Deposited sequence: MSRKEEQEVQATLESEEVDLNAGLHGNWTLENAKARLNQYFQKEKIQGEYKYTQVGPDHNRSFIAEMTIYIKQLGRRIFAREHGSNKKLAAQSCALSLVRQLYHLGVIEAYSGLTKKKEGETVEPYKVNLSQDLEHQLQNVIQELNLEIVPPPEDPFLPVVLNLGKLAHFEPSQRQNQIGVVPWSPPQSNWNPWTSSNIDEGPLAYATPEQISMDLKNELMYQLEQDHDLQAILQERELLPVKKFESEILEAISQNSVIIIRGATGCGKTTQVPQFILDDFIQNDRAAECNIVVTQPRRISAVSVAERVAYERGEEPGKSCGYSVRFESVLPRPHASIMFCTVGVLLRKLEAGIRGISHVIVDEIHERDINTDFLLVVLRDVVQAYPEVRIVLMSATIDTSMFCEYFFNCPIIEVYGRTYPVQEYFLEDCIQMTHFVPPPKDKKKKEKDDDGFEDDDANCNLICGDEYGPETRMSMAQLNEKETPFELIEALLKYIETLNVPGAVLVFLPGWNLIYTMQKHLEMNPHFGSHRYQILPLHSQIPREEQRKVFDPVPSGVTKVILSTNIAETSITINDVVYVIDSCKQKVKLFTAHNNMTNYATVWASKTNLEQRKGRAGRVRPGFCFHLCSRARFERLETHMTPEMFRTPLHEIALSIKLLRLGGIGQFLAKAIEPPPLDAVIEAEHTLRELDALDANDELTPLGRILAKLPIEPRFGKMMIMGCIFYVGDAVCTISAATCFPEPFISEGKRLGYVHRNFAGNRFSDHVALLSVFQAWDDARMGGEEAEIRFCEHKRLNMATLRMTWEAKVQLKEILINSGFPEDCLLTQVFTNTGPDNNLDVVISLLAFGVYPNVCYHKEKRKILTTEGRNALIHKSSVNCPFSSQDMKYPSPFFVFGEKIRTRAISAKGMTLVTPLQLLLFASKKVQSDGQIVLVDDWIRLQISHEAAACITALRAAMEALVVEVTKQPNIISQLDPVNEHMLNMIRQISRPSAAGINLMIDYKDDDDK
């Protein structure tokens, strides 16, 4: 397209030149002829040792969860024996007195894992490492940590027991901690606790179990595994990347500290790979009753329901022994869609069998669960009189999650519309019927075009077998697979482990913070090492950020980014926010990326109230900051004022509260890295009037989400950095409500995630000026004297000197970030030479700097 004309005043051009001259910053001079354009853009003590995370056993005067001495109260001097006796007696009394708890223990003693209690405890006592293998629903997760704890309590060694249980999912760590507390007559906070990203309930310091995500454990290993007797690594068969990484750390720990106890727990898969990795450790097999399950495929499903679709490809392939209508009907179904209407027809077929039982439906993600749910409540046959239809995904509230376990009024059918959470991590009771979409949801990132694909993909044969088996724990069962018999044949046996297909920059920072050695050298020792290109891309990413120096050693910037649990690029954006004294707002934007949107839109275009949060800034990120300011104001009135605020504005309160908490924790980590309190205060802003603080926040957001820049042609059509076409996401404040066109005062936009569906979509969009483009959303800039070319995709008609001056500001800003990370309290100093540079960036963040007044039309 035509080069875009930047309207830069003479006053500003000279101000830019003066600041570059005052500070003696290097500029590239204009070119000689327009056919040779010029680019405007221009060590610590290594070791090769393989470090080991140190280990030390529980100690009576040590709180292993807070990693500090017990100083106050009786536990500071109390002997192990005193502590063990008290806890032993406390437990014996509770079990004599509580009739409801006695009934709960009776349920426990009937779980299949119960009969193996002795064999498991003998195996753990005799071996540094063991594997416990058995079917989903035996009681590995809920029972085994209690068996170990109760073994120590009942043998007068309560004080010698502290257990870490890792789960691959946030929802599993929380849920399991709530379930195990309930099984012990408690709420989390006594014998059991949980620690996940941005939320914890710490257990008591003694004879306690902490359920956590691996990320939390790795972030807390900076001082070693101190005061812990057992590490239980759960659901290893999921090949969660962080679990694979932790298995490398714990193998080194075991070797150097054989008194530690590691316990790996697996579904029924081949565990020889893990077994061999951990020096041929014992495998304790665990099993109970299972019933046979009749399994059906798409063609079987079409025949027994007489179903007829509306008006390579394994739906055109069907065996001779099926009817000509089955073949014809199957052949009409797109394999990339899930057939909602066939599922409806399968629930009705199940009614005719007259055997009571719950139906578990496996759907890839929340998008198809919502769609299947709405589809059913359209037909009044699927109302409360006959049907309890419950969604199960990680984002439904925990109140709603528990309801999938509740019994149901006689003559009502429980239907769980579930993600693969219900494949191996939880067991819904009363399940006799499984409908399997035969799909998985996976996050695929591609670094080269910065494309996120929430892709719907074929499941493995091993997933289909596990899904089939969820129908066969109560009585003989049925599994209705919605893929052809000819698609089944082409299925891989296992999923690609996440280590093969996930970015490694966060794992790389953890390796460096924990001093485990070289990134490539440590990942080479993984059970299944990641591919070379992923390691090369991680090192390259952390080197562009200046998280690693020339020697690939941790910079002081690296150390901060490693300690912040968000994307490193966002960590660096928060340091820059601190330097500009807008820390709180940049911490809010970073925290919000870890949680679903607070707006309850229901996959439709935002209406008036949601759009009003945007002001005149054409920015989803400003909409979010304005929501958080209004919500925090309405919260002063108390809980009911907060609930009413969130109901009247259609906002998810739980999302607003978790984001705020996450923001509080991010800020605490910067405080502890030496950042001054007063660069992180909440600052009132307006989303319509002049606001230099908000101008700077939007500049810093361009940096954060780079390389996500786009150019708006017309309507919803945008051009991405690959020269390719894309759509403004329906959910954006920048998406036209109807046919009235938006009059953007700039065509340039930054966005959260570039999404591949059928088209390329920009989601969470913020308008930026051409000046902000050049300062923070540009890696490479070539000038011919008249026209500059930005990252080989878009052209500005702008002065050469202005573009070179803005590029030199970016470099000055990078060099200040390096200085500030060595010595964060220089933010306080407000040194005059830095202030001169910062004030010029403050000035070119103004909409007025690029000829724009957002208050006019």
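### Message
No C-alpha coordinates means not modelled. Give me those stretches of the deposited sequence in order.
### Response
Gaps vs deposited seq, in order: 1-122, 165-171, 441-457, 1004-1010.
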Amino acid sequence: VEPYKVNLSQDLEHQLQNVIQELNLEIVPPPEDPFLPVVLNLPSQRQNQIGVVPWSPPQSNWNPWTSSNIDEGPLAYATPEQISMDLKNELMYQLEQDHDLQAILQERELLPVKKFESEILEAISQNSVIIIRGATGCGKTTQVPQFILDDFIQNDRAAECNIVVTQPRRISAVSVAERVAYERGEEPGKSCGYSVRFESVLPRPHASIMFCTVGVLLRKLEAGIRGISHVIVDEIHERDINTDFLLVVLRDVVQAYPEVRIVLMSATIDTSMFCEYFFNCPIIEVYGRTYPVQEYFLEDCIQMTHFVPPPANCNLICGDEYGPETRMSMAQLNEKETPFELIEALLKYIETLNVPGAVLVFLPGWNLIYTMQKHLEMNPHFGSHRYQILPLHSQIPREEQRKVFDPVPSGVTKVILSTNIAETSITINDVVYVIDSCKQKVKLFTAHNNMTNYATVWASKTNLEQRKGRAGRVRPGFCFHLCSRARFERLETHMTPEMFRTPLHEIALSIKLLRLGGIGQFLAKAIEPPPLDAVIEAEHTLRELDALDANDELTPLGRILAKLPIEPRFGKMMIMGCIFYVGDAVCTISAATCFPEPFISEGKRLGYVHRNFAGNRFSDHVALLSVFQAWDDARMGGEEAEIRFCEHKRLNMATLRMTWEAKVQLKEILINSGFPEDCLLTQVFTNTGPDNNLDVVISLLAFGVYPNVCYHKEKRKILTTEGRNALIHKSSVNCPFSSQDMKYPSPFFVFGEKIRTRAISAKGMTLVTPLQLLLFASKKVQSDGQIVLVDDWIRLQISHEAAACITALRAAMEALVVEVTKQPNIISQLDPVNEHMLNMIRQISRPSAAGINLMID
From here on, numbers count along this sequence of modelled residues.
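C-alpha atoms forming the largest set that superposes within 1.5 Å between two forms make up the rigid core.
### Query
Following superposition on the rigid core, is the mean squared CA displacement, expressed as RMS, greater for 822-830 or for 795-803 in 5 other deposited structures of this protein?
Evaluated in 5 other deposited structures of this protein, the stretch farther from the shown form is 822-830.
### Message
Counting only other entries where the flanking residues are modelled, do a third or more lack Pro43?
### Response
That residue is missing from at least a third of the other compared entries.
### Query
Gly518: absent from a third or more of the other PDB entries compared?
Comparison shows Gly518 kept in all of the other entries.
### Message
Which is higher on mean Cα B factor in this entry, 709-717 or 681-689?
### Response
According to the entry, 709-717 carries the higher average C-alpha B-factor.
### Message
I need to verify one thing: averaged over C-alpha atoms only, is the B-factor higher for 489-497 or for 203-211?
### Response
The recorded data point to 489-497.
### Message
Checking the record values for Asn551, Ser128, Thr166, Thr659, which has the greatest CA B factor?
### Response
Result of the comparison over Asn551, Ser128, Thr166, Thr659: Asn551.
### Query
Based on what the PDB entry reports, which of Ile566, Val696, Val248, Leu333 has the top C-alpha B-factor?
Among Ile566, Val696, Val248, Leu333, the PDB entry lists the largest C-alpha B-factor for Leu333.
### Task
Comparing against every modelled residue in the chain, figure out the third that the C-alpha B-factor of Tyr257 lands in (lowest, middle or highest).
CA B-factor rank for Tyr257: middle third.
### Message
Among the modelled residues of this chain, does the Cα B factor of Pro43 put it in the lowest, middle or highest third?
### Response
According to the entry, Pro43 has a C-alpha B-factor in the chain's highest third.
### Lowest, middle or highest third - CA B-factor, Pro29
As the PDB entry reports it, the C-alpha B-factor of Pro29 lands in the highest third of its chain.
### Message
How does the C-alpha B factor of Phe35 compare with the rest of the chain: lowest, middle or highest third?
### Response
Answer is highest: the recorded C-alpha B-factor places it there.
### Query
Where does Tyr194 sit by CA temperature factor within its chain: lowest, middle or highest third?
CA B-factor rank for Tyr194: lowest third.
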